[PDB]
Structures are given as structure tokens and as C-alpha cells.
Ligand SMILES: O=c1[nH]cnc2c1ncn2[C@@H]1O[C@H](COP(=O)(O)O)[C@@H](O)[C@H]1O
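In the form deposited without the ligand, a lone chain appears below as C-alpha cells.
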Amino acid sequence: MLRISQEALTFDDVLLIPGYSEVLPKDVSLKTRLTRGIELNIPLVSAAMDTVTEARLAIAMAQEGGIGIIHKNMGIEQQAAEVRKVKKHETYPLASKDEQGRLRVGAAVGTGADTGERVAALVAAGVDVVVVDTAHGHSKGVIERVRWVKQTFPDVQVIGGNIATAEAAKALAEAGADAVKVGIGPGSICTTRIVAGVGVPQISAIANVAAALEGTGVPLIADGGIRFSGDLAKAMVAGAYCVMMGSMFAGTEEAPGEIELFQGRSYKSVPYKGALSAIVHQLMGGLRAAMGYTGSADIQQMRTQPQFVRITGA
């Protein structure tokens, strides 16, 4: 009577099958949704990590057609100030903008004592989306905080996470979440897996959440386990609306830290990776190629039509 719910698959267990194709990679549409109310021109979000997203990188992400979530490892007023820098910034045709033409930005909040105050300062600063973001989103604290943000600040979008199950997705949707963020123990050597023994392989987690939210209009953001552009394509076909990147964007020019030379190589103080735009271009190129192979003219087709093969270790 070992209680095994299912066999769960990760990115390396699957490959996308080619299908009949008419639309070239350069001509497919990458338009998607972050939340019920926020559209993005490319399906990429930068993580709320202190080595990844502050105002500078959030601006660059919005300009590329994605969005940045400003991290919460700073004071309330400091975080609000970062949001303000993004909202007040003055050739980028794909730029993610609100109704006033200002760049979009998100900000992360936890569930600790001063969260209510943090949310109010972020909303007053013009934040587009508040991400109620903890290790365990299927919990009383996160569900209640999501509900509170939705009831107190009905004009801001709210994202809840992190989750990995159909049941958690429904609980957050029911609490009023405008999107959910998917990813608990998504990588092989994650702390969560080693220390706690907890996780769900990310391809199955995405598919389980996608099936649970089908017909609700609530997007899901895949957060974790993405190493190559090929994994971005697989995440979308599994049902993600977009994908959150973390350490992949750390060390870029726009990310926090200053450049440092050490033993004939460049680092930030993590290798120095140059302009964010070059990494985004490569990730997009790979997604466009995959859409070319699967014959998917747009994101809606990519999420719903192509098939996987499951493969062995060999």
C-alpha cells in the first residue's frame, strides 16, 4: 500500500514531435498572458531574486516584451522606489506597457508580519502585479493573503505560488488569483528535494495545473528547471502560458551586482553574461524553431496541439 499518485516526468523525459508546418519560425506569434489582465509579447518573466531582478533588469525585460518581478529582499520603501523607477522610465516595439503607456512591472511579497504594508506601498507605486510568492503556495497563509490582496486592491493583478498540483491550482483560483506560479522541487539537486524530500517533476506539474485551470481563464507561469531553450518550448506544450527564468539572467549587465575581473575572466559581485537581450534572443530563437517544427502558428496552438514522445535514459 505504498501511496504513489503517479509517475511524474521532467523536461529530459520528453521530446516534441514534429508536425505539419506552414509558418516559418520568424513569423509565428509569441503573444501570451501573464495574468487574466496582463498580456506579454514574449512568454518570459524574470524571477524575484536579489541576483536577478531590480529596476534596471525589470526595465529591460519590459522592453523585450516580457516582465520583471522585483525581489523583496529589501525594505518596503526601497522596493516601492524600484517599482517607481520602472513606471517612470522614458526603439522597443514589443515593449510591455500598461494603459498609460508605462512599462509593466511586478513585485514579490511574502506572508510575514508587514506584508499588508508592503502590498499597499507597491500598489501606490503603480505596480502592475503583486506576486504572493513562497516556498509553499498551497497553504492557509498564501491562500488568505491572495484573497486579501484581491479584496483590498481589486485593481491590481495578483499571482499566487508556488504550487505543483491540480488541487493547489483550484484553491488559488478560488481565492481570486489572476495567475498561478508552478514549481516545487523542480530541479535534480534542489535544496527542497535533498533537505525535505519534496518535489514534483516540472513537466507533469505544469500539465496537472494546466488541466485543472482549463476554462477558468487563469494563466500558469512555469518557474524552475529550465536549462536550455528546448525546455522553454517543452514547458509551453505542457501547458505553461509563460516561463520564469532566474539564475539564467543573473550575471547579465542589467542584473544586480558590479562587473569584476578575476583570473582573466569576468564575474558579477557568478559569470558575467553580457546583455540580457542576447540571452532573450537565443531563448526566443529556440522557441520559434520549436513552433516551426511543431507547426504551431501561435502560443495558443503551441500549448494545446503538439505532442510529446516519452524517451528512456538511452
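Note that residue numbering follows the sequence shown and begins at 1. Only residues modelled in both forms are compared. Rigid core here is just the name for the largest C-alpha set that superposes within 1.5 Å across the two forms.
K.L.:
If you count the residues of the deposited sequence that sit between residue 90 and residue 91 but have no coordinates, do you get none, 1 to 3, 4 to 9, or 10 or more?
P.N.:
Gap between residue 90 and residue 91: 10 or more residues without coordinates.
K.L.:
Between residue 269 and residue 270, count the deposited residues left without coordinates and pick a bin: none, 1 to 3, 4 to 9, 10 or more.
P.N.:
A long stretch, 10 or more residues, is missing between them.
K.L.:
Could you check the entry and say whether 190 to 198 or 176 to 184 has the higher mean CA B-factor?
P.N.:
Per the PDB entry, the higher value belongs to 190 to 198.
K.L.:
Mind pulling up the entry and telling me whether 256 to 264 or 243 to 251 has the higher mean Cα temperature factor?
P.N.:
Mean C-alpha B-factor is greater for 256 to 264.
K.L.:
For residue 5, does the deposited CA B-factor place it in the lowest, middle or highest third of the chain?
P.N.:
Ranked within chain, residue 5 CA B lands in the highest tercile.
K.L.:
Within this chain, which third does the Cα B-factor at residue 165 fall in: lowest, middle or highest?
P.N.:
As the PDB entry reports it, the C-alpha B-factor of residue 165 lands in the lowest third of its chain.
K.L.:
Among the chain's modelled residues, which third holds the C-alpha B-factor of residue 234?
P.N.:
It belongs to the lowest third of the chain when residues are ordered by C-alpha B-factor.
K.L.:
For residue 110, does the deposited CA B-factor place it in the lowest, middle or highest third of the chain?
P.N.:
Answer is highest: the recorded C-alpha B-factor places it there.
K.L.:
Residue 96's Cα B-factor: lowest, middle or highest third of the chain?
P.N.:
For residue 96, the deposited C-alpha B-factor lands in the middle third.
Beyond the structure shown, there is the form solved in complex with the ligand, which is absent from this document and is the topic of what follows.
K.L.:
Using the spot the ligand takes in the bound PDB entry, and overlaying the site C-alphas onto this chain, is the pocket open or blocked (blocked: 3 or more ligand atoms within 2.4 Å of backbone or C-beta atoms)?
P.N.:
Open: no clash with the backbone or C-beta atoms.
K.L.:
Looking at 41 to 49, 280 to 288, 56 to 64, 22 to 30, which stretch has residues with any non-hydrogen atom within 4.5 Å of the ligand in the bound PDB entry?
P.N.:
Among the candidates, contact is made by 41 to 49.
K.L.:
Counting only non-hydrogen atoms and a 4.5 Å threshold, tell me whether 79, 116 and 132 all contact the ligand in the bound PDB entry.
P.N.:
Not one of the three qualifies.
K.L.:
How about residue 188: is it within 4.5 Å of the ligand in the bound PDB entry, going by heavy atoms?
P.N.:
Contact with the ligand, yes.
K.L.:
Do residue 128 and the ligand come within 4.5 Å of each other in the bound PDB entry, heavy atoms counted?
P.N.:
Taking the distances in the bound PDB entry, the answer for residue 128 is no, it never comes within 4.5 Å of the ligand.
K.L.:
Taking heavy atoms only, is residue 255 within 4.5 angstroms of the ligand in the bound PDB entry?
P.N.:
Heavy-atom contact with the ligand at 4.5 Å: absent for residue 255.
K.L.:
Is there a heavy atom of residue 105 no more than 4.5 Å from a heavy atom of the ligand in the bound PDB entry?
P.N.:
It does not: once the ligand is placed as it appears in the bound PDB entry, residue 105 has no heavy atom within 4.5 Å of it.
K.L.:
Within 4.5 Å, heavy atoms only, which of 199, 225, 219, 239 is in contact with the ligand in the bound PDB entry?
P.N.:
It is 225.
K.L.:
Please tell me which of 86, 244, 158, 163 lies within 4.5 Å of the ligand in the bound PDB entry, judged by heavy atoms.
P.N.:
None of the others qualify; the residue that does is 244.
K.L.:
Quick check for you: superpose on the rigid core, then look between this form and the one not shown for a C-alpha move of 2 Å or more. Which of 73, 216, 188, 152 is it?
P.N.:
If I go through the list carefully, the shifting residue is 188.
K.L.:
Comparing against this form, do residue 187 and residue 13 have their CA atoms pulled together or pushed apart in the bound PDB entry? The difference is 3 Å or more.
P.N.:
Those two alpha carbons end up farther apart in the bound PDB entry.
K.L.:
After the core superposition, state the residue ranges of at least 3 consecutive residues in which each CA shifts by 2 Å or more between this form and the one not shown.
P.N.:
Run with every C-alpha shifted by at least 2 Å: 187 to 190, nothing else.
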